[PDB]
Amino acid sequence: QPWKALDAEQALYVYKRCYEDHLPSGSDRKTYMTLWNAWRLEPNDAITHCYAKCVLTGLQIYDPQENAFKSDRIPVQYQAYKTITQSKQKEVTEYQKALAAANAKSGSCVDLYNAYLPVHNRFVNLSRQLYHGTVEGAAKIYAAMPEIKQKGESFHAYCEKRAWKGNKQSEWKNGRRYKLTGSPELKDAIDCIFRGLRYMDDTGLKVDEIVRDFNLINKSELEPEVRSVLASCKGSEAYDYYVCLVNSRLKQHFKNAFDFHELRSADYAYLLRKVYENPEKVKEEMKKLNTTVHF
(Lines of atoms letter the chains of each structure in order from A and count residues from 1; the text may use other names and numbers.)
(Lines give C-alpha, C1' and ligand atoms only; values in the text may rest on other atoms or scores of the structure.)
Protein backbone atom coordinates (compact mmCIF):
# COMPACT_ATOMS: atom_id res chain seq x y z
CA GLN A 1 0.00 0.00 0.00
CA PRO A 2 3.02 0.05 -0.36
CA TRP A 3 4.64 -2.33 2.16
CA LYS A 4 6.90 -0.70 4.75
CA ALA A 5 10.23 -2.27 5.74
CA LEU A 6 10.88 -3.23 9.36
CA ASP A 7 13.50 -1.51 11.49
CA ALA A 8 15.73 -3.14 14.14
CA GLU A 9 13.28 -2.60 17.02
CA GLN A 10 10.39 -3.98 14.96
CA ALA A 11 12.37 -7.10 14.09
CA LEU A 12 13.57 -7.58 17.70
CA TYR A 13 9.95 -7.30 18.84
CA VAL A 14 8.94 -10.04 16.43
CA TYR A 15 11.66 -12.39 17.62
CA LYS A 16 11.04 -11.84 21.33
CA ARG A 17 7.26 -12.13 21.08
CA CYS A 18 7.65 -15.35 19.11
CA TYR A 19 10.02 -16.72 21.78
CA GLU A 20 7.48 -15.78 24.47
CA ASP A 21 4.63 -17.49 22.65
CA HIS A 22 6.48 -20.61 21.45
CA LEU A 23 9.28 -21.52 23.83
CA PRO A 24 8.36 -24.37 26.13
CA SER A 25 8.64 -23.80 29.88
CA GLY A 26 10.66 -25.98 32.25
CA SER A 27 13.70 -28.08 31.33
CA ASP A 28 13.03 -28.18 27.56
CA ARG A 29 13.20 -24.35 27.21
CA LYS A 30 17.02 -24.22 26.95
CA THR A 31 17.20 -26.88 24.21
CA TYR A 32 14.95 -24.90 21.86
CA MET A 33 16.47 -21.55 22.82
CA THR A 34 20.01 -22.71 21.97
CA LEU A 35 18.93 -23.86 18.50
CA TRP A 36 16.74 -20.84 17.72
CA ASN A 37 19.42 -18.42 19.00
CA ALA A 38 21.69 -19.98 16.36
CA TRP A 39 19.01 -19.53 13.65
CA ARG A 40 18.59 -23.30 13.40
CA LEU A 41 14.99 -24.33 12.64
CA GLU A 42 15.31 -27.43 14.79
CA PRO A 43 14.16 -29.75 16.18
CA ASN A 44 11.68 -30.78 13.47
CA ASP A 45 8.55 -30.75 15.63
CA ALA A 46 5.38 -28.69 16.08
CA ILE A 47 7.01 -26.35 18.62
CA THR A 48 9.56 -25.29 16.00
CA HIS A 49 6.98 -25.38 13.16
CA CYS A 50 4.75 -22.84 14.87
CA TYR A 51 7.73 -20.78 16.00
CA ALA A 52 8.78 -20.53 12.34
CA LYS A 53 5.24 -19.54 11.30
CA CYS A 54 5.26 -16.90 14.05
CA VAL A 55 8.48 -15.30 12.82
CA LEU A 56 7.52 -15.48 9.13
CA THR A 57 4.23 -13.78 10.00
CA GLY A 58 5.83 -11.11 12.20
CA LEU A 59 8.52 -10.26 9.65
CA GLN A 60 5.64 -10.17 7.11
CA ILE A 61 7.41 -12.62 4.81
CA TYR A 62 4.19 -14.65 5.07
CA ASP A 63 0.80 -12.94 4.81
CA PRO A 64 -1.88 -14.87 6.72
CA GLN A 65 -4.85 -13.22 4.98
CA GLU A 66 -3.61 -14.04 1.47
CA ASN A 67 -1.99 -17.27 2.73
CA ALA A 68 0.99 -16.29 0.60
CA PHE A 69 4.74 -15.86 0.74
CA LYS A 70 5.31 -12.23 -0.19
CA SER A 71 8.40 -12.46 -2.40
CA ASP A 72 8.46 -8.82 -3.51
CA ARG A 73 8.69 -7.57 0.08
CA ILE A 74 12.22 -8.98 0.34
CA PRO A 75 13.76 -6.44 -2.06
CA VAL A 76 11.81 -3.67 -0.25
CA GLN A 77 13.27 -4.77 3.10
CA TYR A 78 16.71 -4.85 1.48
CA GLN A 79 16.42 -1.44 -0.21
CA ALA A 80 15.41 0.32 3.01
CA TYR A 81 18.74 -0.46 4.76
CA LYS A 82 21.10 -1.47 1.92
CA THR A 83 23.66 1.27 2.66
CA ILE A 84 24.02 -0.13 6.19
CA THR A 85 23.83 -3.90 5.61
CA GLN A 86 25.85 -3.96 2.37
CA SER A 87 23.92 -7.09 1.35
CA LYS A 88 24.37 -8.02 -2.32
CA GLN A 89 21.52 -7.29 -4.76
CA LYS A 90 22.20 -10.57 -6.61
CA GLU A 91 21.63 -12.63 -3.45
CA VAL A 92 18.55 -10.59 -2.54
CA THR A 93 17.04 -11.41 -5.94
CA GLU A 94 17.83 -15.10 -5.44
CA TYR A 95 16.16 -15.03 -1.99
CA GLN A 96 13.10 -13.32 -3.51
CA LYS A 97 12.97 -15.96 -6.25
CA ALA A 98 13.30 -18.86 -3.81
CA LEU A 99 10.33 -17.43 -1.89
CA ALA A 100 8.34 -17.11 -5.14
CA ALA A 101 8.82 -20.88 -5.62
CA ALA A 102 7.59 -21.70 -2.11
CA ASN A 103 4.17 -23.33 -1.64
CA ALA A 104 2.29 -22.23 1.50
CA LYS A 105 -0.30 -25.00 0.93
CA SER A 106 -2.75 -24.88 3.88
CA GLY A 107 -0.84 -22.19 5.78
CA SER A 108 -0.48 -24.50 8.79
CA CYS A 109 2.66 -24.32 10.91
CA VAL A 110 4.08 -27.48 9.36
CA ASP A 111 3.24 -26.47 5.76
CA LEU A 112 4.99 -23.13 6.23
CA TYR A 113 7.97 -24.74 7.98
CA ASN A 114 8.33 -27.33 5.21
CA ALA A 115 8.13 -24.67 2.47
CA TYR A 116 10.49 -22.19 4.13
CA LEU A 117 13.08 -24.63 5.47
CA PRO A 118 15.23 -24.96 2.32
CA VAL A 119 14.94 -21.22 1.68
CA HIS A 120 16.14 -20.61 5.24
CA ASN A 121 18.97 -23.11 4.88
CA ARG A 122 20.15 -21.41 1.67
CA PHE A 123 19.71 -17.78 2.74
CA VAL A 124 20.03 -17.76 6.53
CA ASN A 125 22.96 -15.33 6.62
CA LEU A 126 21.34 -12.93 4.15
CA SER A 127 18.05 -13.08 6.05
CA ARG A 128 19.88 -12.13 9.24
CA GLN A 129 21.32 -9.08 7.48
CA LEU A 130 18.02 -8.03 5.92
CA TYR A 131 15.88 -8.56 9.01
CA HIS A 132 18.27 -7.26 11.70
CA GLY A 133 19.01 -10.70 13.09
CA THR A 134 22.59 -10.13 14.27
CA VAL A 135 23.80 -8.12 17.25
CA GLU A 136 26.45 -6.27 15.17
CA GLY A 137 24.11 -5.54 12.28
CA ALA A 138 21.27 -4.30 14.48
CA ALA A 139 23.75 -2.04 16.31
CA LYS A 140 24.59 -0.40 12.97
CA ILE A 141 20.88 0.25 12.36
CA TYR A 142 20.43 1.91 15.79
CA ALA A 143 23.56 4.01 15.27
CA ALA A 144 22.31 5.23 11.86
CA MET A 145 18.72 5.71 13.09
CA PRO A 146 18.65 7.55 16.44
CA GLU A 147 14.85 7.89 16.17
CA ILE A 148 14.38 4.12 16.81
CA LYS A 149 13.77 3.05 20.43
CA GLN A 150 17.08 1.55 21.70
CA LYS A 151 17.67 -1.60 23.72
CA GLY A 152 17.67 -0.59 27.38
CA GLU A 153 15.25 2.29 26.70
CA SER A 154 11.60 1.82 27.69
CA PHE A 155 8.88 2.91 25.33
CA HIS A 156 7.67 5.20 28.10
CA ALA A 157 11.07 6.97 28.21
CA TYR A 158 11.46 7.04 24.42
CA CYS A 159 7.99 8.54 24.08
CA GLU A 160 8.48 11.06 26.93
CA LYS A 161 11.57 12.42 25.13
CA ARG A 162 9.53 13.05 21.97
CA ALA A 163 6.35 14.32 23.68
CA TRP A 164 8.13 16.93 25.82
CA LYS A 165 10.85 18.33 23.57
CA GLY A 166 10.06 22.04 23.95
CA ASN A 167 10.26 24.61 26.74
CA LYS A 168 7.60 22.94 28.90
CA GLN A 169 8.96 20.64 31.62
CA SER A 170 7.99 16.98 31.33
CA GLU A 171 5.07 15.95 33.54
CA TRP A 172 7.26 12.96 34.36
CA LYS A 173 10.38 14.97 35.31
CA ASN A 174 10.65 13.51 38.84
CA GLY A 175 9.45 10.10 37.57
CA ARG A 176 6.38 8.99 35.62
CA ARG A 177 3.11 9.05 37.54
CA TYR A 178 -0.56 8.53 36.68
CA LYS A 179 -1.70 12.15 36.91
CA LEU A 180 -4.27 12.82 34.19
CA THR A 181 -3.81 16.33 32.79
CA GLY A 182 -5.29 15.95 29.30
CA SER A 183 -2.29 17.91 28.01
CA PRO A 184 -1.36 17.61 24.32
CA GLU A 185 2.04 16.30 25.42
CA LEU A 186 0.57 13.58 27.64
CA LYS A 187 -1.83 12.52 24.87
CA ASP A 188 1.09 12.28 22.44
CA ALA A 189 3.25 10.30 24.89
CA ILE A 190 0.41 7.87 25.59
CA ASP A 191 -0.31 7.30 21.87
CA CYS A 192 3.39 6.60 21.31
CA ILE A 193 3.45 4.22 24.28
CA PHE A 194 0.25 2.38 23.32
CA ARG A 195 1.68 1.81 19.82
CA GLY A 196 5.07 0.73 21.25
CA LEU A 197 3.41 -1.78 23.59
CA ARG A 198 1.23 -3.02 20.69
CA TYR A 199 -1.96 -2.05 22.52
CA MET A 200 -2.91 -0.29 19.29
CA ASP A 201 -1.74 -0.33 15.71
CA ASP A 202 -2.98 0.94 12.33
CA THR A 203 -6.06 -1.31 12.74
CA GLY A 204 -6.98 0.19 16.11
CA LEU A 205 -7.32 -1.28 19.58
CA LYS A 206 -6.04 -4.74 20.53
CA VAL A 207 -8.14 -5.65 23.55
CA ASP A 208 -6.33 -9.01 23.80
CA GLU A 209 -2.93 -7.31 24.18
CA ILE A 210 -4.04 -5.24 27.15
CA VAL A 211 -5.57 -8.41 28.66
CA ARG A 212 -2.24 -10.19 28.10
CA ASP A 213 -0.56 -7.62 30.35
CA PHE A 214 -2.99 -8.34 33.19
CA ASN A 215 -2.41 -12.08 32.67
CA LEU A 216 1.33 -11.42 32.96
CA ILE A 217 0.85 -9.93 36.46
CA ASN A 218 -1.21 -12.99 37.48
CA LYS A 219 -4.57 -11.22 37.29
CA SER A 220 -6.30 -13.51 34.80
CA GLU A 221 -9.52 -13.24 36.81
CA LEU A 222 -9.76 -9.54 35.85
CA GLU A 223 -10.10 -10.26 32.11
CA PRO A 224 -13.88 -9.58 31.95
CA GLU A 225 -13.38 -6.29 33.84
CA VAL A 226 -10.52 -5.22 31.56
CA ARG A 227 -12.73 -5.93 28.56
CA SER A 228 -15.69 -4.07 30.12
CA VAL A 229 -13.62 -0.98 30.97
CA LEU A 230 -12.25 -0.77 27.43
CA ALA A 231 -15.66 -1.49 25.88
CA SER A 232 -17.41 1.26 27.83
CA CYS A 233 -14.67 3.80 27.15
CA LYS A 234 -15.96 6.68 25.03
CA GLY A 235 -13.26 7.83 22.68
CA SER A 236 -10.95 5.80 20.52
CA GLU A 237 -7.62 7.53 21.15
CA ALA A 238 -4.88 5.85 23.20
CA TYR A 239 -5.25 8.58 25.83
CA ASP A 240 -8.99 7.87 26.14
CA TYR A 241 -8.38 4.20 26.93
CA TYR A 242 -5.59 5.13 29.34
CA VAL A 243 -7.94 7.50 31.21
CA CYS A 244 -10.65 4.84 31.29
CA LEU A 245 -8.24 2.28 32.82
CA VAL A 246 -6.65 4.69 35.30
CA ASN A 247 -10.02 6.00 36.54
CA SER A 248 -11.59 2.54 36.86
CA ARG A 249 -11.71 0.07 39.73
CA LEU A 250 -8.77 -1.62 37.92
CA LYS A 251 -6.54 1.41 38.67
CA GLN A 252 -3.81 -0.25 40.75
CA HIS A 253 -3.78 -3.44 38.71
CA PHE A 254 -3.46 -1.43 35.52
CA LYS A 255 -0.57 0.57 37.02
CA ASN A 256 1.16 -2.70 37.91
CA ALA A 257 0.55 -4.20 34.44
CA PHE A 258 1.65 -1.03 32.61
CA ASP A 259 4.74 -0.61 34.83
CA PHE A 260 5.72 -4.24 34.20
CA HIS A 261 5.37 -3.68 30.47
CA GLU A 262 7.52 -0.55 30.83
CA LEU A 263 10.31 -2.78 32.15
CA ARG A 264 9.71 -5.39 29.46
CA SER A 265 9.74 -2.70 26.75
CA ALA A 266 13.23 -1.68 27.91
CA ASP A 267 14.54 -5.25 27.90
CA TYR A 268 13.07 -7.39 25.12
CA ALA A 269 14.88 -10.42 26.56
CA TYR A 270 13.25 -10.06 30.00
CA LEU A 271 10.88 -13.04 29.89
CA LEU A 272 12.93 -15.21 27.52
CA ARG A 273 14.83 -17.27 30.11
CA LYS A 274 12.27 -14.45 34.79
CA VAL A 275 8.57 -13.94 35.56
CA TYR A 276 6.53 -11.23 37.30
CA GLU A 277 7.36 -10.87 40.98
CA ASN A 278 5.80 -7.69 42.41
CA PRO A 279 5.68 -3.91 41.80
CA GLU A 280 8.72 -3.19 44.03
CA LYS A 281 10.91 -5.64 42.11
CA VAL A 282 9.78 -4.09 38.81
CA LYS A 283 10.83 -0.65 40.06
CA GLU A 284 14.25 -1.91 41.19
CA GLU A 285 14.84 -3.56 37.81
CA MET A 286 13.83 -0.37 35.96
CA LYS A 287 16.42 1.65 37.88
CA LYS A 288 19.15 -0.23 35.98
CA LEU A 289 17.76 0.85 32.60
CA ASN A 290 16.76 4.00 30.69
CA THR A 291 13.20 4.22 32.05
CA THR A 292 10.77 6.70 33.62
CA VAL A 293 11.14 5.21 37.13
CA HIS A 294 11.53 7.33 40.29
CA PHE A 295 15.02 7.42 41.79
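Numbers follow the displayed sequence, beginning with 1.
Going from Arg273 to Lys274, you skip over 1 to 3 residues of the deposited sequence that the entry leaves unmodelled. For the two regions 167-175 and 112-120, the entry's Cα B-factors average higher over 167-175. 103-111 and 188-196 differ in mean CA B-factor, and the higher of the two is recorded for 103-111. Taking only the listed residues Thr203, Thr134, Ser183, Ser127, the entry reports the highest CA temperature factor at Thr203. The entry lists C-alpha B-factors for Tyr32, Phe69, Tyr239, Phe258, and the highest of these is at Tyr32.
Sort the modelled residues of the chain by CA B factor and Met286 lands in the middle third. For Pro75, the recorded CA B-factor ranks within the lowest third of the chain. Only modelled residues enter the ranking.
Per-chain ranking of the deposited C-alpha B factor places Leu263 in the lowest third. When the modelled residues of the chain are ordered by C-alpha B-factor, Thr93 sits in the middle third. Ranked by Cα temperature factor within the chain, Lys234 sits in the highest third according to the deposited record.
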